[PDB]
file input.csv (CSV, C-alpha atoms)
chain,number,residue,atom,x,y,z
A,8,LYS,CA,61.8,110.1,100.1
A,9,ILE,CA,62.5,112.4,97.1
A,10,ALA,CA,62.9,116.1,97.4
A,11,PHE,CA,65.4,118.8,96.5
A,12,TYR,CA,66.1,122.6,96.7
A,13,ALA,CA,69.1,124.4,95.2
A,14,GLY,CA,70.1,128.0,94.3
A,15,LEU,CA,72.3,129.5,91.6
A,16,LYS,CA,75.8,130.4,92.7
A,17,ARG,CA,77.0,132.0,89.5
A,18,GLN,CA,75.7,134.3,86.8
A,19,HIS,CA,74.6,132.9,83.5
A,20,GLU,CA,73.3,134.2,80.2
A,21,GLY,CA,72.0,132.9,76.8
A,22,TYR,CA,70.6,129.5,76.1
A,23,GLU,CA,71.7,126.8,78.5
A,24,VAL,CA,70.6,124.5,81.3
A,25,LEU,CA,70.8,126.4,84.6
A,26,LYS,CA,73.1,124.6,87.0
A,27,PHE,CA,71.8,125.3,90.5
A,28,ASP,CA,74.9,124.4,92.4
A,29,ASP,CA,74.1,125.9,95.9
A,30,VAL,CA,72.4,122.7,97.1
A,31,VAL,CA,70.3,123.0,100.3
A,32,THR,CA,68.3,119.8,100.2
A,33,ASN,CA,68.8,116.7,98.0
A,34,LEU,CA,67.1,113.6,99.4
A,35,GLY,CA,68.2,110.5,97.5
A,36,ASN,CA,70.7,112.5,95.4
A,37,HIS,CA,68.3,112.6,92.4
A,38,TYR,CA,69.2,116.2,91.6
A,39,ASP,CA,72.7,116.6,90.1
A,40,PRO,CA,74.3,120.1,90.5
A,41,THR,CA,76.9,119.3,87.9
A,42,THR,CA,74.2,119.0,85.2
A,43,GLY,CA,71.3,121.0,86.7
A,44,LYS,CA,69.0,118.0,86.1
A,45,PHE,CA,66.7,116.1,88.3
A,46,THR,CA,66.5,112.5,87.2
A,47,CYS,CA,63.4,110.4,87.9
A,48,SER,CA,64.0,107.1,89.7
A,49,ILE,CA,60.4,106.1,90.4
A,50,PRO,CA,57.4,106.4,88.2
A,51,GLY,CA,55.0,108.9,89.7
A,52,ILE,CA,53.7,112.4,90.1
A,53,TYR,CA,56.1,115.2,91.0
A,54,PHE,CA,55.9,118.9,91.9
A,55,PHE,CA,58.5,121.4,90.7
A,56,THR,CA,58.9,125.1,91.1
A,57,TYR,CA,61.5,127.6,90.0
A,58,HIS,CA,62.3,131.3,90.5
A,59,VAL,CA,65.0,132.8,88.2
A,60,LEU,CA,66.1,136.4,88.8
A,61,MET,CA,67.0,138.5,85.7
A,62,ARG,CA,70.2,140.5,85.9
A,63,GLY,CA,69.6,144.1,86.8
A,64,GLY,CA,71.2,147.1,85.0
A,65,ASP,CA,72.0,145.1,81.9
A,66,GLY,CA,69.2,144.0,79.5
A,67,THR,CA,65.5,144.1,79.4
A,68,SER,CA,64.2,140.5,78.9
A,69,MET,CA,65.0,137.0,80.1
A,70,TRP,CA,63.2,133.7,79.6
A,71,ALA,CA,63.4,130.6,81.7
A,72,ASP,CA,61.6,127.4,81.0
A,73,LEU,CA,61.1,124.1,82.8
A,74,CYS,CA,61.8,121.1,80.6
A,75,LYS,CA,61.2,117.4,80.7
A,76,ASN,CA,63.7,115.7,78.5
A,77,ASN,CA,63.5,117.7,75.2
A,78,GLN,CA,60.1,119.3,75.8
A,79,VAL,CA,59.0,122.5,77.4
A,80,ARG,CA,56.5,121.9,80.2
A,81,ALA,CA,56.4,125.5,81.6
A,82,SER,CA,57.6,128.8,80.3
A,83,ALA,CA,58.3,132.1,82.0
A,84,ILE,CA,59.6,135.6,81.1
A,85,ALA,CA,61.0,138.5,83.1
A,86,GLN,CA,60.9,141.9,81.4
A,87,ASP,CA,61.6,145.5,82.4
A,88,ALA,CA,62.3,148.3,80.0
A,89,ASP,CA,64.4,150.1,82.7
A,90,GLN,CA,66.6,147.1,83.2
A,91,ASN,CA,65.2,146.5,86.7
A,92,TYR,CA,65.5,143.1,88.4
A,93,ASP,CA,62.5,140.9,87.9
A,94,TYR,CA,61.7,137.2,88.0
A,95,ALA,CA,60.9,134.4,85.6
A,96,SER,CA,59.1,131.9,87.7
A,97,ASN,CA,56.6,129.0,87.3
A,98,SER,CA,55.4,125.7,88.9
A,99,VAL,CA,54.3,122.3,87.5
A,100,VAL,CA,52.9,118.9,88.4
A,101,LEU,CA,54.2,116.2,86.1
A,102,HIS,CA,54.0,112.5,85.6
A,103,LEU,CA,57.5,111.1,85.2
A,104,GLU,CA,59.0,107.8,84.2
A,105,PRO,CA,62.4,106.5,85.4
A,106,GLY,CA,65.2,108.2,83.4
A,107,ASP,CA,63.2,111.3,82.7
A,108,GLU,CA,65.2,114.5,83.3
A,109,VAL,CA,63.7,117.7,84.6
A,110,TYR,CA,65.6,121.0,84.5
A,111,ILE,CA,65.4,124.7,84.0
A,112,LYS,CA,66.7,126.1,80.8
A,113,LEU,CA,67.6,129.7,80.2
A,114,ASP,CA,66.0,130.7,76.9
A,115,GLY,CA,67.6,134.1,76.2
A,116,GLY,CA,68.7,136.9,78.4
A,117,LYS,CA,70.8,137.2,81.5
A,118,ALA,CA,70.4,135.6,85.0
A,119,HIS,CA,71.6,137.1,88.2
A,120,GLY,CA,74.4,135.1,89.9
A,121,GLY,CA,73.8,135.4,93.6
A,122,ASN,CA,76.6,133.6,95.5
A,123,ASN,CA,75.0,131.9,98.6
A,124,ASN,CA,72.0,134.3,98.8
A,125,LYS,CA,69.7,131.9,96.8
A,126,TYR,CA,67.9,134.6,94.8
A,127,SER,CA,67.4,132.1,91.9
A,128,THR,CA,66.1,128.7,92.8
A,129,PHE,CA,64.8,125.2,91.7
A,130,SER,CA,63.0,122.8,93.9
A,131,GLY,CA,60.8,119.7,93.7
A,132,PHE,CA,59.5,116.6,95.4
A,133,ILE,CA,57.5,113.5,94.6
A,134,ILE,CA,53.8,113.7,95.4
A,135,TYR,CA,52.7,110.2,94.4
A,136,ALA,CA,54.5,107.0,93.4
A,137,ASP,CA,52.7,104.9,90.7
B,8,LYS,CA,49.1,117.1,110.0
B,9,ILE,CA,51.1,120.3,109.6
B,10,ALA,CA,50.2,123.0,107.1
B,11,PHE,CA,49.5,126.7,107.1
B,12,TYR,CA,48.6,129.7,104.9
B,13,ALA,CA,48.4,133.4,106.0
B,14,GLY,CA,48.2,136.8,104.4
B,15,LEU,CA,49.4,140.3,105.4
B,16,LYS,CA,46.8,142.5,106.9
B,17,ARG,CA,48.8,145.6,107.4
B,18,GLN,CA,51.5,147.5,105.6
B,19,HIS,CA,55.1,147.2,106.7
B,20,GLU,CA,58.5,148.7,105.7
B,21,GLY,CA,62.2,148.4,106.5
B,22,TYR,CA,63.8,145.5,108.2
B,23,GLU,CA,61.5,143.3,110.2
B,24,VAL,CA,59.9,139.9,110.4
B,25,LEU,CA,56.7,140.0,108.4
B,26,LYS,CA,53.7,139.1,110.6
B,27,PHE,CA,51.2,137.4,108.3
B,28,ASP,CA,48.1,137.9,110.5
B,29,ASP,CA,45.3,137.0,108.1
B,30,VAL,CA,45.4,133.3,108.9
B,31,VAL,CA,43.5,131.0,106.5
B,32,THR,CA,44.9,127.6,107.5
B,33,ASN,CA,47.0,126.6,110.5
B,34,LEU,CA,46.9,122.9,111.2
B,35,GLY,CA,48.4,122.1,114.6
B,36,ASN,CA,48.9,125.8,115.3
B,37,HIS,CA,52.6,125.7,114.5
B,38,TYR,CA,52.5,129.1,112.7
B,39,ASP,CA,52.1,132.0,115.1
B,40,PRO,CA,50.6,135.2,113.6
B,41,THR,CA,51.8,137.3,116.6
B,42,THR,CA,55.5,136.6,115.7
B,43,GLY,CA,55.3,135.7,112.0
B,44,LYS,CA,57.2,132.4,112.7
B,45,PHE,CA,56.5,128.8,111.9
B,46,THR,CA,58.1,126.6,114.6
B,47,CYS,CA,59.1,123.1,113.8
B,48,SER,CA,57.6,120.4,116.1
B,49,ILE,CA,58.8,117.3,114.2
B,50,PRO,CA,62.1,116.7,112.5
B,51,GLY,CA,61.6,116.4,108.8
B,52,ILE,CA,61.4,117.9,105.3
B,53,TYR,CA,59.1,121.0,104.8
B,54,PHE,CA,58.0,123.1,101.8
B,55,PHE,CA,57.5,126.8,102.2
B,56,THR,CA,56.6,129.5,99.7
B,57,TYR,CA,56.0,133.3,100.0
B,58,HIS,CA,54.8,136.1,97.8
B,59,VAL,CA,55.3,139.7,99.1
B,60,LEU,CA,53.9,142.6,97.2
B,61,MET,CA,55.9,145.8,97.1
B,62,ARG,CA,54.0,149.0,97.8
B,63,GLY,CA,53.1,150.9,94.6
B,64,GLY,CA,53.6,154.6,94.1
B,65,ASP,CA,56.2,155.0,96.8
B,66,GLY,CA,59.6,153.5,96.3
B,67,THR,CA,61.5,151.4,93.7
B,68,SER,CA,63.0,148.4,95.5
B,69,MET,CA,61.9,145.9,98.2
B,70,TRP,CA,63.6,142.7,99.4
B,71,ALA,CA,62.0,139.8,101.2
B,72,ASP,CA,64.0,136.7,102.4
B,73,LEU,CA,62.9,133.4,103.9
B,74,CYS,CA,65.0,132.6,107.0
B,75,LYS,CA,65.6,129.6,109.2
B,76,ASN,CA,66.6,130.8,112.7
B,77,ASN,CA,69.3,133.4,111.9
B,78,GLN,CA,70.2,132.2,108.4
B,79,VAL,CA,68.8,133.2,105.0
B,80,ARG,CA,67.6,130.2,103.0
B,81,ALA,CA,66.0,132.1,100.1
B,82,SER,CA,66.1,135.7,98.9
B,83,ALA,CA,63.9,137.8,96.6
B,84,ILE,CA,63.7,141.3,95.3
B,85,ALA,CA,60.9,143.4,93.7
B,86,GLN,CA,62.1,146.4,91.7
B,87,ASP,CA,60.5,148.9,89.4
B,88,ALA,CA,61.8,152.3,88.5
B,89,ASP,CA,58.3,153.7,88.0
B,90,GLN,CA,57.2,152.7,91.4
B,91,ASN,CA,54.9,150.0,90.1
B,92,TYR,CA,53.6,147.1,92.2
B,93,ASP,CA,55.8,144.0,91.8
B,94,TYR,CA,56.5,140.9,93.9
B,95,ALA,CA,59.3,139.4,95.9
B,96,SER,CA,58.6,135.7,95.9
B,97,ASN,CA,60.4,132.4,96.4
B,98,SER,CA,60.0,128.8,97.5
B,99,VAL,CA,62.1,126.3,99.4
B,100,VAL,CA,62.4,122.7,100.6
B,101,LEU,CA,64.2,122.5,104.0
B,102,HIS,CA,65.1,120.0,106.6
B,103,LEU,CA,64.1,121.2,110.0
B,104,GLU,CA,64.7,120.2,113.6
B,105,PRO,CA,62.2,120.8,116.5
B,106,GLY,CA,62.5,124.4,117.6
B,107,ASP,CA,63.7,125.7,114.3
B,108,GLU,CA,61.9,128.9,113.3
B,109,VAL,CA,61.0,129.7,109.7
B,110,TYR,CA,59.8,133.2,108.7
B,111,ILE,CA,59.8,135.9,106.1
B,112,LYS,CA,62.0,138.9,106.7
B,113,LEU,CA,61.6,142.2,105.0
B,114,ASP,CA,65.1,143.3,104.1
B,115,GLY,CA,64.6,146.9,102.9
B,116,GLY,CA,61.8,148.7,101.2
B,117,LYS,CA,58.0,148.8,101.5
B,118,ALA,CA,55.4,146.1,101.5
B,119,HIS,CA,51.8,146.5,100.6
B,120,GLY,CA,49.3,146.2,103.4
B,121,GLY,CA,46.2,144.5,101.9
B,122,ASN,CA,43.5,144.1,104.5
B,123,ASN,CA,41.7,140.8,103.9
B,124,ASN,CA,42.6,140.6,100.2
B,125,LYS,CA,45.7,138.3,100.7
B,126,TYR,CA,48.0,139.9,98.2
B,127,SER,CA,51.0,139.0,100.3
B,128,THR,CA,51.3,135.5,101.6
B,129,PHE,CA,53.3,132.8,103.4
B,130,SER,CA,52.4,129.1,103.3
B,131,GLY,CA,54.1,125.8,104.1
B,132,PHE,CA,53.5,122.1,105.0
B,133,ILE,CA,55.5,119.1,106.0
B,134,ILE,CA,56.5,116.7,103.2
B,135,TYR,CA,58.3,114.0,105.2
B,136,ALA,CA,58.7,113.2,108.8
B,137,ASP,CA,62.2,111.8,109.8
C,8,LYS,CA,45.3,110.5,94.1
C,9,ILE,CA,44.4,114.1,93.3
C,10,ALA,CA,46.6,116.5,91.4
C,11,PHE,CA,46.5,118.7,88.3
C,12,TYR,CA,48.4,121.2,86.2
C,13,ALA,CA,47.2,123.1,83.2
C,14,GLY,CA,48.2,126.1,81.0
C,15,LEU,CA,46.3,128.8,79.2
C,16,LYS,CA,45.9,128.3,75.5
C,17,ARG,CA,44.2,131.4,74.5
C,18,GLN,CA,44.4,135.1,75.4
C,19,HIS,CA,41.8,136.6,77.8
C,20,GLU,CA,40.9,140.0,79.3
C,21,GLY,CA,38.5,141.6,81.7
C,22,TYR,CA,36.7,139.8,84.5
C,23,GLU,CA,36.2,136.1,84.0
C,24,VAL,CA,37.2,132.7,85.3
C,25,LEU,CA,40.4,131.7,83.5
C,26,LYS,CA,40.0,128.5,81.6
C,27,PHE,CA,43.3,126.7,81.6
C,28,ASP,CA,42.7,124.4,78.7
C,29,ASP,CA,46.2,123.0,78.0
C,30,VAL,CA,45.9,120.2,80.5
C,31,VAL,CA,49.2,118.4,81.4
C,32,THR,CA,48.2,116.5,84.5
C,33,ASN,CA,44.7,115.8,85.9
C,34,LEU,CA,44.5,112.8,88.3
C,35,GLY,CA,41.0,111.8,89.0
C,36,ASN,CA,39.6,114.4,86.5
C,37,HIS,CA,38.7,116.8,89.3
C,38,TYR,CA,39.9,119.8,87.2
C,39,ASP,CA,37.5,120.8,84.4
C,40,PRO,CA,39.2,122.7,81.5
C,41,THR,CA,35.7,123.7,80.1
C,42,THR,CA,35.0,125.7,83.3
C,43,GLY,CA,38.4,126.4,84.7
C,44,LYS,CA,37.3,125.0,88.1
C,45,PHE,CA,38.8,122.4,90.4
C,46,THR,CA,36.0,120.6,92.2
C,47,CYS,CA,36.7,119.1,95.6
C,48,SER,CA,35.7,115.4,95.9
C,49,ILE,CA,37.2,114.6,99.3
C,50,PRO,CA,37.2,116.8,102.4
C,51,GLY,CA,40.8,117.8,103.2
C,52,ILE,CA,43.7,120.2,102.8
C,53,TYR,CA,44.9,121.2,99.4
C,54,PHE,CA,47.7,123.2,97.9
C,55,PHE,CA,47.2,125.4,94.8
C,56,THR,CA,49.4,127.8,92.9
C,57,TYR,CA,49.0,130.0,89.9
C,58,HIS,CA,51.1,132.1,87.6
C,59,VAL,CA,49.3,134.4,85.1
C,60,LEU,CA,51.3,136.4,82.6
C,61,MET,CA,50.1,139.9,81.7
C,62,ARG,CA,49.9,140.8,78.0
C,63,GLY,CA,52.9,142.8,76.9
C,64,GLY,CA,52.7,145.9,74.7
C,65,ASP,CA,49.0,146.6,75.6
C,66,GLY,CA,48.1,147.8,79.1
C,67,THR,CA,49.8,148.4,82.4
C,68,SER,CA,47.9,146.5,85.1
C,69,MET,CA,46.3,143.1,85.4
C,70,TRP,CA,44.8,141.3,88.5
C,71,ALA,CA,44.4,137.6,89.0
C,72,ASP,CA,42.8,136.1,92.1
C,73,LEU,CA,42.3,132.6,93.4
C,74,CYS,CA,38.8,132.0,94.6
C,75,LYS,CA,37.0,129.3,96.6
C,76,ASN,CA,33.3,129.3,95.6
C,77,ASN,CA,32.4,133.1,95.7
C,78,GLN,CA,35.3,134.2,98.0
C,79,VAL,CA,38.7,135.5,97.2
C,80,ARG,CA,41.4,133.4,98.9
C,81,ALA,CA,44.5,135.0,97.3
C,82,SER,CA,45.0,138.1,95.2
C,83,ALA,CA,47.8,139.1,92.8
C,84,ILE,CA,48.6,142.0,90.5
C,85,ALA,CA,51.0,142.5,87.6
C,86,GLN,CA,51.9,146.1,86.8
C,87,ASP,CA,54.3,147.8,84.5
C,88,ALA,CA,54.1,151.4,83.3
C,89,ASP,CA,56.0,150.6,80.1
C,90,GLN,CA,53.6,147.8,79.2
C,91,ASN,CA,56.2,145.1,79.8
C,92,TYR,CA,55.3,141.5,80.5
C,93,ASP,CA,55.0,140.7,84.2
C,94,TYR,CA,53.2,138.0,86.4
C,95,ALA,CA,50.3,137.9,88.8
C,96,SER,CA,51.1,134.8,90.9
C,97,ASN,CA,50.2,133.4,94.3
C,98,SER,CA,49.9,130.2,96.3
C,99,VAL,CA,47.5,128.9,99.0
C,100,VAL,CA,46.8,126.0,101.3
C,101,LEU,CA,43.1,125.6,101.9
C,102,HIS,CA,40.7,123.3,103.6
C,103,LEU,CA,37.9,122.2,101.2
C,104,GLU,CA,34.6,120.4,101.5
C,105,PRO,CA,33.2,118.2,98.7
C,106,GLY,CA,31.6,120.4,96.1
C,107,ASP,CA,33.9,123.4,96.7
C,108,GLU,CA,35.2,125.0,93.6
C,109,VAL,CA,38.6,126.5,93.3
C,110,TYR,CA,39.6,128.6,90.3
C,111,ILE,CA,41.6,131.6,89.1
C,112,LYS,CA,39.6,134.7,88.2
C,113,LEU,CA,40.9,137.5,86.0
C,114,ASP,CA,40.0,140.7,87.9
C,115,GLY,CA,40.8,143.4,85.3
C,116,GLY,CA,43.4,143.7,82.6
C,117,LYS,CA,44.8,141.5,79.9
C,118,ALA,CA,46.3,138.0,80.1
C,119,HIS,CA,48.8,136.6,77.6
C,120,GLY,CA,47.5,133.7,75.5
C,121,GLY,CA,50.3,131.4,75.0
C,122,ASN,CA,49.4,128.4,72.8
C,123,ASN,CA,51.1,125.3,74.1
C,124,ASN,CA,54.0,127.2,75.7
C,125,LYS,CA,52.4,127.2,79.2
C,126,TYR,CA,53.4,130.7,80.3
C,127,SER,CA,50.2,131.0,82.4
C,128,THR,CA,49.5,128.1,84.7
C,129,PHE,CA,47.3,126.7,87.5
C,130,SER,CA,48.2,123.6,89.5
C,131,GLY,CA,47.1,121.9,92.7
C,132,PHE,CA,47.1,118.7,94.8
C,133,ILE,CA,45.7,117.3,97.9
C,134,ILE,CA,48.0,117.3,100.9
C,135,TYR,CA,45.8,115.7,103.6
C,136,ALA,CA,42.4,113.9,103.5
C,137,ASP,CA,40.2,114.6,106.6

call {"tool": "encode", "arguments": {"input": "input.csv", "output": "structure tokens"}}
result
Amino acid sequence: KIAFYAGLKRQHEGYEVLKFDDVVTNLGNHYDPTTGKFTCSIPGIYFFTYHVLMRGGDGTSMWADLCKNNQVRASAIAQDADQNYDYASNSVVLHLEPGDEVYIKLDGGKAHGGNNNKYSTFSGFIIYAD
Amino acid sequence: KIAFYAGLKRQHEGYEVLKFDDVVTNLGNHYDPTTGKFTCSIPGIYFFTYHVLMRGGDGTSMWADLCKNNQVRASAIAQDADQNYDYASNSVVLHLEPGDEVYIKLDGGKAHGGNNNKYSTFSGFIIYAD
Amino acid sequence: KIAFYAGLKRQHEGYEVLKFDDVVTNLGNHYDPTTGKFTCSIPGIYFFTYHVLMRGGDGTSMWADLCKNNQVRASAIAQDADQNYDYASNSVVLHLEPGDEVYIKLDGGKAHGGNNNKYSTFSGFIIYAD
């Protein structure tokens, strides 16, 4: 059984892997909140989704991408000229090999740092094992 | 087999459980459109997702949270200074026990009341049984 | 095994089926990038999700709906008075019969044409077989 769901506890900005550290579900401990990475243990087909809230009242654009190893597999942007809250969100279905790392990367701009309110999230689960 | 998908038929505002009453899928009848609640029947791991459209032309912020019993498990905001339509959406993976109730709560602001167009939605399914 | 994920390679506008032609996953080849349609091969219960990015700097509203055959099953709008990027996104769980076609239709407005960056996406997988 492989599934996880975590939220962002702190605010972040710039270009970095987002460490979702408010962990709600983590079957098999394949998601690591100290790195923000899900590491594949079984070859197969996996679903992932993310929702990253842009900071409000400070900035107009924010990008958040889902990556596999060093490669973008989905991109998203939040943008609002009046500096309103808005989301960069996307979903994927990927084939993974053992060792592959899946994570969300901030690619410019500012992310809201909810404490335990889980505004910004990352989840995933295996659909098929090879 | 446990899975459901429903849309909002009427417009709502304030602080209340959203009753998605345009039911498209409801395997096992574990979602109740008269309460807006999914009730767990089997201990296990469940995926849920929601997309709630803020009313356009009347208001600037709207919040919608996914709850388990009396506890927030995901939060979302829609915000636009020019009163444009925008979405409060999120997704989760949760462990549930029989009797647990999962639902979307409006937490301030105004939600669009599509009739049968299914702009605002709530869906879920079991991933694993314990 | 039935699952797929694809992104939009080109920009589109108006009223047309969106052809997600940047195919990442397509188990069983049930998604056709030349038509934009997923065709059901097995009766059962299926999850789909989509995220369509509105073009920035040219227009204020865009609609994108998920359809089954000739019927809307989910609707979404992106809207921003300052012509900012924003998303029309939704998710569904549907019962399908063999031959049923599921696709995303642009229903007015302008969609961003990312090349291989996968800003705009469509994915799905079977949950249950009848």

call {"tool": "calpha_fit_and_write", "arguments": {"input": "input.csv", "fixed": "chain A", "moving": "chain B", "output": "short mmCIF file (atom, residue, chain, number, x, y, z; two decimals) with C-alpha atoms, keeping the file's coordinate frame"}}
result
data_model
loop_
_atom_site.label_atom_id
_atom_site.label_comp_id
_atom_site.auth_asym_id
_atom_site.auth_seq_id
_atom_site.Cartn_x
_atom_site.Cartn_y
_atom_site.Cartn_z
CA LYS B 8 61.91 110.09 100.07
CA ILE B 9 62.61 112.37 97.12
CA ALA B 10 62.92 116.13 97.44
CA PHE B 11 65.41 118.82 96.57
CA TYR B 12 66.11 122.58 96.71
CA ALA B 13 69.10 124.44 95.12
CA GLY B 14 70.12 127.98 94.33
CA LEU B 15 72.29 129.59 91.62
CA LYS B 16 75.77 130.41 92.65
CA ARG B 17 77.01 131.99 89.52
CA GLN B 18 75.69 134.26 86.82
CA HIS B 19 74.61 132.83 83.50
CA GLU B 20 73.27 134.16 80.14
CA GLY B 21 71.94 132.93 76.80
CA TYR B 22 70.65 129.50 76.14
CA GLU B 23 71.75 126.84 78.55
CA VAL B 24 70.62 124.51 81.28
CA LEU B 25 70.80 126.38 84.56
CA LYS B 26 73.11 124.57 87.02
CA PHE B 27 71.71 125.30 90.48
CA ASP B 28 74.89 124.49 92.46
CA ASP B 29 74.03 125.89 95.89
CA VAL B 30 72.36 122.71 97.09
CA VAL B 31 70.27 123.01 100.28
CA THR B 32 68.30 119.75 100.17
CA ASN B 33 68.77 116.68 97.97
CA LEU B 34 67.12 113.60 99.38
CA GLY B 35 68.24 110.47 97.53
CA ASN B 36 70.65 112.52 95.43
CA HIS B 37 68.37 112.56 92.41
CA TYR B 38 69.20 116.22 91.58
CA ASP B 39 72.69 116.63 90.17
CA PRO B 40 74.25 120.12 90.57
CA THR B 41 76.94 119.34 87.93
CA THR B 42 74.24 119.02 85.17
CA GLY B 43 71.33 121.00 86.63
CA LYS B 44 68.99 117.96 86.11
CA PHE B 45 66.67 116.07 88.37
CA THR B 46 66.46 112.44 87.17
CA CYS B 47 63.41 110.41 87.90
CA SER B 48 64.06 107.09 89.74
CA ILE B 49 60.42 106.09 90.40
CA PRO B 50 57.42 106.45 88.15
CA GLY B 51 55.00 108.89 89.63
CA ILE B 52 53.62 112.42 90.07
CA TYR B 53 56.16 115.23 90.97
CA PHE B 54 55.88 118.95 91.84
CA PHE B 55 58.54 121.33 90.70
CA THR B 56 58.86 125.09 91.03
CA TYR B 57 61.56 127.63 89.95
CA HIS B 58 62.28 131.29 90.43
CA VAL B 59 65.03 132.85 88.22
CA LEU B 60 66.10 136.39 88.76
CA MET B 61 66.99 138.46 85.73
CA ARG B 62 70.20 140.46 85.95
CA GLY B 63 69.58 144.15 86.77
CA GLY B 64 71.19 147.04 84.97
CA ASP B 65 72.05 145.11 81.84
CA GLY B 66 69.28 143.98 79.58
CA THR B 67 65.44 144.09 79.39
CA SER B 68 64.21 140.53 78.83
CA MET B 69 65.05 137.02 80.13
CA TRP B 70 63.21 133.72 79.62
CA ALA B 71 63.44 130.62 81.75
CA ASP B 72 61.52 127.35 80.94
CA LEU B 73 61.09 124.11 82.86
CA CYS B 74 61.74 121.12 80.56
CA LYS B 75 61.18 117.40 80.70
CA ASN B 76 63.77 115.67 78.46
CA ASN B 77 63.53 117.72 75.24
CA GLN B 78 60.07 119.22 75.80
CA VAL B 79 59.02 122.47 77.47
CA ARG B 80 56.47 121.91 80.23
CA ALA B 81 56.37 125.47 81.60
CA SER B 82 57.63 128.83 80.36
CA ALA B 83 58.32 132.19 82.02
CA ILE B 84 59.59 135.59 81.11
CA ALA B 85 61.03 138.53 83.13
CA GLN B 86 60.90 141.90 81.37
CA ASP B 87 61.56 145.46 82.34
CA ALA B 88 62.35 148.32 80.05
CA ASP B 89 64.43 150.09 82.70
CA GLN B 90 66.63 147.14 83.23
CA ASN B 91 65.22 146.44 86.66
CA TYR B 92 65.52 143.09 88.45
CA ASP B 93 62.43 140.92 87.86
CA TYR B 94 61.70 137.18 87.97
CA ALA B 95 60.89 134.38 85.61
CA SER B 96 59.04 131.86 87.71
CA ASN B 97 56.62 128.97 87.33
CA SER B 98 55.43 125.72 88.86
CA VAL B 99 54.28 122.37 87.54
CA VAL B 100 52.83 118.96 88.42
CA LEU B 101 54.17 116.22 86.07
CA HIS B 102 54.04 112.53 85.64
CA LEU B 103 57.48 111.11 85.20
CA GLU B 104 59.03 107.82 84.18
CA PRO B 105 62.46 106.52 85.42
CA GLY B 106 65.17 108.24 83.44
CA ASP B 107 63.18 111.32 82.67
CA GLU B 108 65.20 114.49 83.22
CA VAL B 109 63.67 117.69 84.59
CA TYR B 110 65.60 121.00 84.49
CA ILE B 111 65.44 124.72 84.04
CA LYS B 112 66.60 126.13 80.75
CA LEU B 113 67.58 129.70 80.20
CA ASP B 114 66.02 130.66 76.89
CA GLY B 115 67.56 134.10 76.18
CA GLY B 116 68.75 136.90 78.35
CA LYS B 117 70.74 137.23 81.59
CA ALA B 118 70.34 135.66 84.96
CA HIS B 119 71.62 137.01 88.20
CA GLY B 120 74.46 135.15 89.83
CA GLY B 121 73.87 135.39 93.62
CA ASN B 122 76.60 133.62 95.51
CA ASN B 123 75.09 131.95 98.57
CA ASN B 124 72.08 134.28 98.78
CA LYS B 125 69.66 131.93 96.85
CA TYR B 126 67.87 134.52 94.80
CA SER B 127 67.38 132.05 91.99
CA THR B 128 66.07 128.64 92.81
CA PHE B 129 64.78 125.23 91.69
CA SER B 130 62.95 122.81 94.00
CA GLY B 131 60.78 119.72 93.63
CA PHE B 132 59.49 116.56 95.42
CA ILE B 133 57.49 113.50 94.61
CA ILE B 134 53.75 113.65 95.39
CA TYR B 135 52.68 110.13 94.39
CA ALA B 136 54.44 107.00 93.47
CA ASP B 137 52.70 104.88 90.70
#

call {"tool": "interface_residues", "arguments": {"input": "input.csv", "of": "chain B", "to": "chain A", "cutoff": "8 Å", "atoms": "only C-alpha atoms", "output": "list in words"}}
result
residues 79, 80, 81, 82, 83, 84, 85, 86, 87, 88, 96, 97, 98, 99, 100, 101, 102 and 135 of chain B

call {"tool": "write_last_selection", "arguments": {"input": "input.csv", "atoms": "C-alpha atoms", "output": "tab-separated table (two decimals), in the coordinates of the input"}}
result
chain	number	residue	atom	x	y	z
B	79	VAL	CA	68.80	133.20	105.00
B	80	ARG	CA	67.60	130.20	103.00
B	81	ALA	CA	66.00	132.10	100.10
B	82	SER	CA	66.10	135.70	98.90
B	83	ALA	CA	63.90	137.80	96.60
B	84	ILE	CA	63.70	141.30	95.30
B	85	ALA	CA	60.90	143.40	93.70
B	86	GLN	CA	62.10	146.40	91.70
B	87	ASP	CA	60.50	148.90	89.40
B	88	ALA	CA	61.80	152.30	88.50
B	96	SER	CA	58.60	135.70	95.90
B	97	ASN	CA	60.40	132.40	96.40
B	98	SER	CA	60.00	128.80	97.50
B	99	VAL	CA	62.10	126.30	99.40
B	100	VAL	CA	62.40	122.70	100.60
B	101	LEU	CA	64.20	122.50	104.00
B	102	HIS	CA	65.10	120.00	106.60
B	135	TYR	CA	58.30	114.00	105.20

call {"tool": "atom_distance", "arguments": {"input": "input.csv", "atom1": "atom CA of residue 21 of chain C", "atom2": "atom CA of residue 111 of chain C"}}
result
12.8 Å

call {"tool": "atom_distance", "arguments": {"input": "input.csv", "atom1": "atom CA of residue 37 of chain B", "atom2": "atom CA of residue 17 of chain B"}}
result
21.5 Å

call {"tool": "closest_residue", "arguments": {"input": "input.csv", "among": "B:73, B:109, B:118, B:47", "to": "residue 136 of chain B", "atoms": "only C-alpha atoms"}}
result
B:47

call {"tool": "atom_distance", "arguments": {"input": "input.csv", "atom1": "atom CA of residue 49 of chain C", "atom2": "atom CA of residue 29 of chain B"}}
result
25.4 Å

call {"tool": "closest_residue", "arguments": {"input": "input.csv", "among": "A:48, A:122, A:53, A:76", "to": "residue 15 of chain A", "atoms": "all atoms listed in the file"}}
result
A:122

call {"tool": "closest_residue", "arguments": {"input": "input.csv", "among": "B:19, B:137, B:113, B:35", "to": "residue 74 of chain B", "atoms": "all atoms listed in the file"}}
result
B:113
